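For reference, the chain that follows is the form deposited in one PDB entry, supplied as structure tokens.
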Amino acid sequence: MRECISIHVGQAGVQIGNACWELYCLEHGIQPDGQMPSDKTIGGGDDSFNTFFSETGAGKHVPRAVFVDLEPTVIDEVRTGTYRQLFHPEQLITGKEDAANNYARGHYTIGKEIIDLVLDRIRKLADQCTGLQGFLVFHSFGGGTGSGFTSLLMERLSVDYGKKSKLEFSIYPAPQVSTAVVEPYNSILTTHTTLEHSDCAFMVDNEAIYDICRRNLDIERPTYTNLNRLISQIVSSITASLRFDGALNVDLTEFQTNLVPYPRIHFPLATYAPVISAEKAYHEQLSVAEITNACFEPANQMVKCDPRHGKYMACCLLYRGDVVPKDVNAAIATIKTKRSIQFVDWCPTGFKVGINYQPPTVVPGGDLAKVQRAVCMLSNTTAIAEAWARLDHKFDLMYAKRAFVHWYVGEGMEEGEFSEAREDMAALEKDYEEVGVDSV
């Protein structure tokens, strides 16, 4: 059976995982205590949930997750929350201090005190898996643990598994808003991991999701819960093809084959079209054409970058609900007629399409409205490099005077590893220019 192993690193990863597992339990009818009343009321035995859950003797369902953090607060909240009985007790915590927001602490000094436990649990979960598709890693670039420990973990996973797909769902720092002073150092030092060891990295910045919540959802004062719920909806749309039958199924191997043109070019943007409140759910048709057009708006992008400044190198549309292929074809033709949306000359096809019959589920107490149709857009485009350039500028503004460098070098790192990584990001940026040039 198809499986996918979820890994959550750091506070951001753990909270996004809380949202994701709430969403999956709602989707599959699993109660917070792991029991499935559908199997007892009717009889069950004809359901698809093995992509995320494992079924024990007594009808309990254990999610395929590994929650990791270098301090106990978030995992302790999970251990005493509504979903305390859902997860296995092996939610791994360091019984010591956190990474203190620097790459070196989470990668070299304290990260190597729990790597063995994490790898052992991942090995056990993989052994329990029969048709393991890949890994879904959630973390944050700008933090501590989420950067250094993620780098160490993905190095080890590449050494061990190698041939399995690995997907990052990272929280890139925003251009202006930032919740720490040393975010650029950690973000740049994670370039190697996201480039060489990952296979497809989905970045989302907090400013874009805040603007989406303000404009579309009419939430003036959103919390991280709303952001996590939106990210959970996107991940659910990505993984729905493995779970529920549909007209055109798109598994991960296909998603990557049709999306990634070159090995180093694996940094797409993710958008979710019908983000809208219940009050505004009326007064609109929300047909396939409307949501497909909304996917391409620069305001709806969840990374603060303008696709109009670059060229669309590939696109993957994953529809959910009452959708017919002919409407999708008409919408794609309507998009191709527009001149504001530019495509490279070496990708005449352009679009990958998948359709699923399962409509999106509404979380109780959430903000997203119940809709009949939805679509998740995954777009490989050159505009994302512009965002990277902004981050690089910040790095230079600190690295000229070697501010905060003593903290990093005093915990096992050497100085050159800074400049090396800046050169890596530079090269990555150069590639995203060279692909965009028209064929001679």
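Definition used throughout: the rigid core is the maximal C-alpha set that superposes within 1.5 Å between two forms. The numbering used is simple: start at 1 and walk along the sequence shown.
The protein also exists as the form deposited in another entry; that form is not presented, and the subsequent description refers to it.
Put simply, after the core is superposed between this form and the one not shown, 251 is the one residue in 155, 199, 98, 251 with a Cα shift of at least 2 angstroms. Superposition of the core reveals a Cα shift of 2 Å or more for residue 175 between this form and the one not shown.
Residue 281 shows a C-alpha shift of 2 Å or greater between this form and the one not shown [criterion: core-superposed Cα displacement of 2 Å]. Fitting the two forms on the rigid core leaves the C-alpha of residue 129 displaced by under 2 angstroms between this form and the one not shown. In the other form, the Cα-Cα separation between residue 201 and residue 243 shrinks by 3 Å or more relative to the displayed conformation. Between residue 281 and residue 338, the C-alpha separation grows by 3 Å or more in the other form, relative to the conformation displayed.
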